[PDB]
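> The structure that follows is given in the form of structure tokens.
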Number of protein chains: 2
Amino acid sequence: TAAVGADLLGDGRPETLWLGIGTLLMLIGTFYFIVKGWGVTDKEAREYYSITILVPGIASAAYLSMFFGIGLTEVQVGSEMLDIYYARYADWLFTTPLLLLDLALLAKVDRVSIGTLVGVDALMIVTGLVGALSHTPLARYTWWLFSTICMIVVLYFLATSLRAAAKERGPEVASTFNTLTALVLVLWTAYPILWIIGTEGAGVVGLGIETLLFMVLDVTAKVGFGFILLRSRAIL
Amino acid sequence: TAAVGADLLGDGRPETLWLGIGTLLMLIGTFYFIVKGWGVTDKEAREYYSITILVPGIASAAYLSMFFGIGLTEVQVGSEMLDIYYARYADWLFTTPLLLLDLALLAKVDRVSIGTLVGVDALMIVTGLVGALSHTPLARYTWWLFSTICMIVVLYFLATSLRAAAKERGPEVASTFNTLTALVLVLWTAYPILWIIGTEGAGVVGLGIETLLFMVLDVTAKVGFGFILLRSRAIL
Ligand SMILES: *C/C=C(C)/C=C/C=C(C)/C=C/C1=C(C)CCCC1(C)C
Ligand SMILES: *C/C=C(C)/C=C/C=C(C)/C=C/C1=C(C)CCCC1(C)C
């Protein structure tokens, strides 16, 4: 029962340590992307960079809030009061669609397809938020399911339909596509897991470890994703 | 790997339960001594009650305070944050000298002895506190060791210099003094161990169980101790 992290602010919450580091990393990656932004000319590249840069950015915005306890609230469930960081879902509400877009634009698919990926992938983040806020223990597990269903559907498409369009294109796009797709096919899945066992679910894991882990996932899912992306020749 | 007790305040602290029963119990004993205290036409024993009554009194105070999270600080030790209840030390800093002086009176020894007995026992607590708030796992342990040696010096005198100085007096003062110094050596010794495996040290045991065992030791080391003393003839 010894929490991991530090109470930098003194707000009781020891996760601010991890929440803090996440902000720094998000910012840096963000800047770092902008820095490599002043060096491109291609209209395809200046398009990937566009999307891919808002991600680590919006993240930074979300992580700053949580650090200062902006996106925080309580949710009376059963008898306890679960600390719920909503900023996360807002962060995710946008950072996934975009992160997803990169693959889509990388696979070159119709607007009706992309308009489907994002419709689902949005349904996920929102339902998930609903979960987080559900007052009935069954409900939370329920939403947590639907949400996960979605996540799978989204992860489905990425590996089939999309994996194919990027395969049709040159193996330089494919390689890059599949790689970034592998990464998501991993980090991403880990979320609902960590969610269901963390303070939003079982409570088997303390908020400190969770927020930490979450940040590690986040940074990798975002900055790392881009670093692999903006480095590929596929962006060209 | 789940903790006992309950979050009686909804502040993420399930040890409040034990902290609760402790205050409930500490007072129950405190006043007990008061209600049984008046009516003493004597002036020797009345001197004992005065002392013995402040024990579960000052403690009641402390538990209450810890109950609301008053004597609770966050000690940072590496990547972990420890919820160190510092009230306990303030509480022992006063109760143990007292509890101790009770025995010294029961033996009747010069101030040079008492002013040594307490002096050590006082150093015993203040050091244990310095350990509680230490940031280096080596330091914590160091100070814990020091505080442990002192606790031996204290227990030392109590079993030799005073044990005998209280045998030269009435066999009924001895019969009870020896009975108080028996339980004092069994209960007291259990503290540095509890400390070392509980969140203040190794962290092998959760703070929930800890506050429980610590509450039981406390109540017994005080209320029990006292009750044995006041029910005695030796204090006449
Ligand atoms: C930068 C953030 C990224 C890449 C976030 C991805 C998040 C998910 C794939 C979240 C999925 C969730 C479920 C499947 C159910 C429970 C709640 C969520 C929102 C954690
Ligand atoms: C009413 C309170 C009583 C009888 C307290 C007794 C406390 C001790 C014998 C404490 C001993 C400690 C050490 C030997 C080292 C670590 C810290 C302490 C203060 C827990």
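For chain A, we keep the numbers from Swiss-Prot: what you see runs 7-242, in order.
Method on record in the header is X-ray crystallography, 3.4 Å.
Each Cβ is built from the backbone N, Cα and C atoms, and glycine gets one as well.
Below, the features straight out of Swiss-Prot:
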TOPO_DOM  A:7-20  topological domain 'Extracellular'
TRANSMEM  A:21-42  transmembrane segment
TOPO_DOM  A:43-51  topological domain 'Cytoplasmic'
TRANSMEM  A:52-73  transmembrane segment
TOPO_DOM  A:74-91  topological domain 'Extracellular'
TRANSMEM  A:92-113  transmembrane segment
TRANSMEM  A:117-139  transmembrane segment
TOPO_DOM  A:140-143  topological domain 'Extracellular'
TRANSMEM  A:144-172  transmembrane segment
TOPO_DOM  A:173-176  topological domain 'Cytoplasmic'
TRANSMEM  A:177-204  transmembrane segment
TOPO_DOM  A:205-212  topological domain 'Extracellular'
MOD_RES   A:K228  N6-(retinylidene)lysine
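So where do these features actually land, and what's packed around them?
Same-chain residues lying 6+ beyond the ends of the transmembrane segment (A:21-42) with a Cβ under 8 Å from its Cβ atoms: 11-15, 55, 58-59, 62-63, 65-66, 69-70, 72-73, 75, 213-214, 216-218, 220-221, 224-225, 228-229, 232-233, 236.
Across the topological domain 'Cytoplasmic' (A:43-51), DSSP assigns 1 helix, 0 strand, 8 coil.
Outside the topological domain 'Extracellular' (A:74-91) by six or more residues, the chain places 15, 17, 19, 22, 68, 138-143, 146, 205-206, 213, 217 with a CB less than 8 A from a CB of the stretch.
Residues 81, 90, 92, 95, 98-99, 102-103, 106-107, 110-111, 145-146, 148-150, 152-153, 156-157, 159-160, 163-164, 167, 198, 201, 206 of the same chain, all 6+ positions outside the transmembrane segment (A:117-139), place their C-beta atoms under 8 angstroms from a C-beta of that stretch.
Nonlocal intrachain contacts for the transmembrane segment (A:144-172), taken as residues 6+ away from its ends with a CB within less than 8 angstroms of a stretch CB, comprise 83, 106, 109-110, 112-115, 119, 122-123, 126-127, 129-130, 133-134, 136-138, 179-180, 183-184, 187, 190-191, 194-195, 197-198, 201-202, 206-207.
Within the chain, the topological domain 'Extracellular' (A:205-212) has long-range Cβ neighbours (under 8 A, six or more residues past its boundaries) at 7, 9-10, 88-90, 137-138, 146-147, 150.
Note: A:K228 (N6-(retinylidene)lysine) has non-local neighbours A:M32, A:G35, A:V61, A:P62, A:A65, A:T101, A:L105, i.e. same-chain residues 6+ apart with C-beta under 8 A of its own C-beta.
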> Going by DSSP, is A:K228 (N6-(retinylidene)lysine) sitting in a helix, a strand, or coil?
helix
> Same chain only, please: residues at least 6 beyond the ends of the topological domain 'Extracellular' (A:140-143) with a C-beta under 8 Å from a C-beta of the stretch. Say none if there are none.
81-84, 149
> Counting only residues 6+ away from its ends, which parts of the chain sit with a Cβ under 8 Å from the topological domain 'Cytoplasmic' (A:43-51)?
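Beyond its ends, the topological domain 'Cytoplasmic' (A:43-51) has Cβ neighbours at 59, 241-242.
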> Which numbers of helix, strand and coil residues does DSSP report for the topological domain 'Extracellular' (A:74-91)?
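Split by secondary structure, the topological domain 'Extracellular' (A:74-91) comes out as 0 helix, 12 strand, 6 coil.
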> Could you give me the DSSP helix, strand and coil counts for the topological domain 'Cytoplasmic' (A:173-176)?
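Summed over the topological domain 'Cytoplasmic' (A:173-176), the classes give 2 helix, 0 strand, 2 coil.
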> How does the topological domain 'Extracellular' (A:140-143) divide up by DSSP, counting helix, then strand, then coil residues?
1 helix, 0 strand, 3 coil
